[PDB]
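Listed below, chain by chain, are the residues.
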Amino acid sequence: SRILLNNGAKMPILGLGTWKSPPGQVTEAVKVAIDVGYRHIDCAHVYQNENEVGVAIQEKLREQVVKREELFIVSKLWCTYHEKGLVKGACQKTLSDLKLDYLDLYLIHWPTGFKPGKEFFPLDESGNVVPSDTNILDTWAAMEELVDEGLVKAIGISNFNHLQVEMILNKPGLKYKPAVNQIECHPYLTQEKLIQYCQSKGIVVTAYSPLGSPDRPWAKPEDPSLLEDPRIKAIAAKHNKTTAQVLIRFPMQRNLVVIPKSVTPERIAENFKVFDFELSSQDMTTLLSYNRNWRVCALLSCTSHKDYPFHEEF
Ligand SMILES: NC(=O)c1ccc[n+]([C@@H]2O[C@H](COP(=O)([O-])OP(=O)(O)OC[C@H]3O[C@@H](n4cnc5c(N)ncnc54)[C@H](OP(=O)(O)O)[C@@H]3O)[C@@H](O)[C@H]2O)c1
Ligand SMILES: O=C(O)/C=C\c1cccc(-c2cccc([N+](=O)[O-])c2)c1
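What counts, and where the lines are drawn
Residues numbered from 1 in each chain as written, not as in the entry; some residues may be left out. Chains lettered and ligands numbered in written order. Heavy atoms only, no water. Residues with missing side-chain atoms left out of burial classes, pairs and counts. Helix = DSSP H or I, 4+ residues; strand = E, 2+ residues; numbered from the N terminus. Rg over C-alpha atoms; globule rule 2.2 N^0.38 Å. Contact = heavy atoms within 4.5 Å. 1 Å grid on protein atoms, 1.4 Å probe; cavity = no way out; pocket = protein on both sides within 12 Å on 5 of 7 lines; lining within 4 Å. Points joined across faces, edges and corners; volume = space filled by probe spheres on them. Nonpolar A, V, L, I, M, F, W, Y, C, P; charged D, E, K, R; others polar. Salt bridge = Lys/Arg side-chain N within 4 Å of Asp/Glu carboxyl O. Buried < 20%, exposed > 50% of the residue type's maximum accessible area, 1.4 Å probe, protein only. Near = heavy atom within 4 Å. Polar contact = N/O pair within 3.5 Å; in protein donor to acceptor, adjacent residues only side chain to side chain. Areas by Shrake-Rupley, 256 points an atom, 1.4 Å probe, with all protein chains shown as cover. Sits in = over half its atoms within 2 Å of the grid points. Pairing = 2+ DSSP bridges. Axes fitted to C-alpha atoms, helices over the stretch in contact; angles between N-to-C directions. Parallel < 35°, antiparallel > 145°, perpendicular 65-115°, else oblique. Left-handed = near helix turned anticlockwise from the far one by under 90°. Expected span 1.5 Å × (residues − 1).

Deposited coordinates in this entry are attributed by the record to X-ray crystallography, at a stated resolution of 1.12 Å.

A. Expanded view of the overall build of the protein. For the protein, the count of helices and strands is ten helices and nine strands. Computed over the C-alpha atoms, the radius of gyration of the protein is 19 Å, within 12% of the 20 Å expected from 2.2 N^0.38 for a compact globule of 314 residues. Dimensions of the protein, computed from C-alpha atoms along their principal axes, come out at roughly 55 × 45 × 40 Å. Counted over contacts in the protein with a minimum sequence separation of 6, partners at least 24 positions apart contribute 76%.

B. Examining the layout of surface pockets more closely. Computed from the structure, the largest pocket encloses a volume of approximately 1000 Å³. Taken together, 48 residues form the lining of the largest pocket, with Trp19, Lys20, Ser209, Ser213 and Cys297 sitting closest to its centre. It is helix α9 (residues 265-272) that provides the largest number of residues to the lining of the largest pocket, a total of three residues. Grouping the amino acids of the lining of the largest pocket by side-chain chemistry returns 26 nonpolar, 15 polar and seven charged.

C. Structural context of the pattern of salt bridges. The final tally for this structure, using the stated rule, is 15 salt bridges. Here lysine 20 makes a salt bridge to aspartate 215, at a shortest N to O gap of 2.9 Å. Pair noted here: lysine 20 is in the loop between β2 (10-12) and α1 (23-35) and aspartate 215 is in the loop between β8 (204-208) and α7 (230-238), with a separation of 195 residues, a long-range link. When its relative accessible area of 24% is taken as the criterion, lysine 20 is described as partly exposed. In this structure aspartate 215 comes out as partly exposed when scored by relative accessible area, which is 35%. A network of salt bridges, in which partner residues are shared, links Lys31, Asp35, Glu59 and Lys60.

D. Structural view of the site of ligand 2. The immediate surroundings of ligand 2 are formed by 13 residues, with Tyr47, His109, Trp110, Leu299 and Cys302 found nearest. Within the side chain of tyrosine 47, an N or O atom sits 2.6 Å from an oxygen atom of ligand 2. Measuring from an oxygen atom of ligand 2, one finds a side-chain N or O atom of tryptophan 110 at 3.1 Å. Burial of ligand 2 by the surrounding chains reaches 93%, relative to a free accessible area of 450 Å². Assessed atom by atom at 2 Å from the grid points, ligand 2 resides in the largest pocket. Partitioned by chemical class, the residues of the shell around ligand 2 number eleven nonpolar, two polar and no charged.

E. Fine view of the site of ligand 1. Near ligand 1 lie 32 residues; those nearest to it are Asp42, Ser213, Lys261, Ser262 and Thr264. Here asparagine 159 contributes a side-chain N or O atom positioned 2.9 Å from an oxygen atom of ligand 1. Within the contact set of ligand 1, an oxygen atom lies 2.7 Å away from a side-chain nitrogen or oxygen of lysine 261. Protein chains bury 91% of the 910 Å² of accessible surface belonging to ligand 1 in isolation. Here ligand 1 occupies the largest pocket. It is α9 that provides the largest number of residues to the shell around ligand 1, a total of three residues.

F. Fine view of the sheet that holds β8. Pairing within the open sheet is parallel, and its seven strands lie in the order β3-β4-β5-β6-β7-β8-β9. One side of each edge strand has no neighbouring strand; the edge strands of this open sheet are β3 (40-42) and β9 (257-258). Where β8 lies against β9, two bridges are found, and the strand directions are parallel. Residue pairing in the sheet places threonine 206 in a bridge with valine 257 of β9.

G. Here's a closer look at the packing of α7 against helix α10 (residues 281-288). With their axes 11 Å apart at the nearest point, α7 and α10 run at an angle of 165 degrees to one another. Judged on the interaxial angle alone, α10 and α7 are roughly antiparallel. When the axes of α7 and α10 are compared, the crossing they make is left-handed. On α10, the residues touching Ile232, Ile235 and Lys238 of α7 are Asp283, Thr286 and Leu287. By residue class, the composition of the contact of α7 with α10 is three nonpolar, one polar and two charged.

H. Examining helix α4 (residues 136-148) more closely. When the terminal C-alpha atoms of α4 are compared, their 19 Å separation across 13 residues agrees well with the 18 Å that a helix rising 1.5 Å per residue should span. For α4, the secondary structure elements touched by its buried residues are β4 (72-77), α3 (84-98), β5 (105-108), β6 (155-158) and α5 (162-169). Put simply, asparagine 135 is the residue that caps the front of α4, since its side-chain oxygen is 2.8 Å from the backbone nitrogen of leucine 137. Looking at the residues trailing α4, positive phi occurs at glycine 150, about 85 degrees.

I. Main features of the environment of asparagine 159. Structurally, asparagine 159 is set in the loop between β6 and α5. For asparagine 159, a relative accessible area of 3% corresponds to the buried category. When the C-alpha positions of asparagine 159 and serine 132 are compared, they lie 17 Å apart, and in sequence the two are 27 residues distant. Among all residues touching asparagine 159, those that are not within four sequence positions of it are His109, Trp110, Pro111, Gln164, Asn181, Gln182, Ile183, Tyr208, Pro309 and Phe310. A polar atom in the side chain of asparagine 159 sits 3.0 Å from the backbone oxygen of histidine 109.

Below you can see the structure in the form of structure tokens.
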């Protein structure tokens, strides 16, 4: 149920996602998740709901439903805090909101640094995001300081392409390697090349949007839909599981961590019931065959940023 990280800690392979979880529903979602066995919660400052996630975590700690050492809490440094002098304060704000004294894992959320300020997406008058000039290697050094100050047990990256991962790995004077690269991954975006690269370097990959993010704001009625793909439904039916359960089990069998999001109590519990069946190798290869390089998470406003990650093949 856990995978060993290159910092010596164990990370639960199933966690609860919280992007788009409404602040008035996410406290109950996280409470339910912990009650039904989740021990890993994926958070971020930019999701604007860390305080409410924190209320749930704190209640379960206070009530002694779970011990802090048994939880694995992840958050992420937003793009407007890549400047070295802003990283610690950003981490501290997340810790304060989550009501924790450390994070298990803190990720650089995206490789694209943006101008600091109140706006999460600072724009020029023509709608392009305004970049930061801070080198990602300098942001990484600031992340390393957080480990050395006791604020976080592990550091990692998210949405880094293979050249960007390589840049960190080749950093002069690198002190801590990334423990994790969290990337979009599902049967329509299988990420074979990037996953193999990361795993070969001892970096654990977390798969986000494993269900294809059907609640994404830019969904079109005609878009492909994993949960409605009859081929995936057929594999689920064969195993007497739901399509969502197959979609969650799939990355687990690729030695990935996976973080499905729900605020629906029934689904939170359903999504955790994935440790009692196995997809065959044939099922796995069949699911892999559905790759279409279909990406949920990418923004036009960022496509000219020098560190935009998705121009490269992988
Ligand atoms: N690092 C990054 O840049 C990044 C980017 C995207 C996502 N993430 C992380 O990954 C998490 C997961 O990705 P995601 O939120 O994009 O989407 P997702 O987990 O692929 O899909 C979430 C959607 O699926 C529905 N759902 C969940 N379980 C279901 C089930 N058993 N049956 C039917 N529908 C179900 C949810 O509905 P209800 O909630 O209404 O039940 C919600 O609409 C995020 O929440 C976030 O924590 C990270
Ligand atoms: O960030 C998250 O965890 C959640 C969702 C999300 C969805 C679409 C695009 C981006 C996004 C954010 C910053 C930069 C870029 N980019 O460079 O394409 C995309 C993020």
